[PDB]
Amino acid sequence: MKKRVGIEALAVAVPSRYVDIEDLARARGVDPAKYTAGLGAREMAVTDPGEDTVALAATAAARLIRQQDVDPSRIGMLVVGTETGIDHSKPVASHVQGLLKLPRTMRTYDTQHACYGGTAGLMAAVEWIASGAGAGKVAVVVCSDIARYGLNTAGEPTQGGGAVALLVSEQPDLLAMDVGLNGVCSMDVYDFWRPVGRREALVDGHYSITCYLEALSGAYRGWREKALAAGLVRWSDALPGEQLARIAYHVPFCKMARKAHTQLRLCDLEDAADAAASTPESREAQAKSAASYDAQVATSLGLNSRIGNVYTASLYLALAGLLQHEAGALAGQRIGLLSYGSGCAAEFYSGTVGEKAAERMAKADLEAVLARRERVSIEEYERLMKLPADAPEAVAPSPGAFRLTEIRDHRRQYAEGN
């Protein structure tokens, strides 16, 4: 009689190539430690035009269906969160439906708000099910993006690309979400944006970090109030946020997770009924606790550090990395998730990891996904960057994966790997 809803499983797709981030530093005249220590990066996914938003989304969604033995006719919603759209009207979701040969009894659409678009679609799918409308069916929500700032830009070492496909159902083996407890904070800003007809993003980098932390603070506080009233956390000898077993954050670069966690802890320390007894110095020293970061956040960054920013998918890659190794230990425990998108909006939500989470993550076979990639030179990365969007390289997709092959008469053509 206890109904549940949330994420049942996930799958990951990554571009076929990456570069070593220290190679990028040397090519840019930058100290490699700025990237490896300052940003937390190790490897950066790079793309060619054949690895477009559709190809990556379809690869991830097809992999989800195969790895988890999803019955395609049970999918009632297919949503793609992206900020790398390829048509003003025709959604990536419709291309994915066709490439996967999915049947007709489903909503299809894309959701857009920078790196928050995937979470927006996840909540639409969750609440479709939780309203009863989706009872007996599942949704697939795919976060797919290619993050491009441009050669010789400050954002360049945070680039990346890929997709995460989420299975959403009444059997949320990965994360049984606490419906209705979300905190949200949004405001109209120009921290990061990408006008139509611009291939590379515009960004005010340090301002965008301030906006992330400001929106995080509002979203987390909103969740905390509802979690307090639902009895899930208390003001005790432990801070409210310390009672979450883990917290995953949107990862534009890996060091951002430490900034975010410090800010979240500062929200508890500033808001405690006895905060007047503290100073900025004592609060910051407690908030920055290495023990808390190590216990709640550190193990969520293994995949992100090898891929880069994947915009809508970055938070879900962090969820994936966390559960990849700790799903069994986390079963029955509640964790928190912070989604941010520039523009901007943040949402903080929680859920309980399922008993079968380890099973579902084993089937995602994520080290095999990352192992199929190949390293290229910075010179080759630059050559591929300069290719127009309609000039895919002449290479076949891996088995079950997809590539854009050409655009003919304004129609995009794809190939599936044998």
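Throughout, we count residues from 1 along the sequence that is shown.
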Looking only at C-alpha temperature factors in the entry, 283-291 or 246-254, the higher average sits in 283-291
Averaging the C-alpha B factors as listed in the entry, name the stretch that ends up higher: 197-205 or 182-190.
197-205
Out of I75, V141, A154, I146, which residue has the highest Cα temperature factor in the PDB record?
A154
Member of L56, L64, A45, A391 with the greatest C-alpha B factor (per the PDB record)
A391
Considering only modelled residues of the same chain, in which third does the CA B-factor of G343 rank: lowest, middle or highest?
lowest
Which third of the chain holds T105 when residues are ordered by C-alpha B factor: lowest, middle or highest?
lowest
Grab the CA temperature factor for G241 from the record and place it in the lowest, middle or highest third of its chain.
middle
Taking the chain's C-alpha temperature factors as the reference, tell me which third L330 falls into: lowest, middle or highest.
middle
Entry-reported Cα temperature factor of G136, expressed as the chain third it lands in
middle
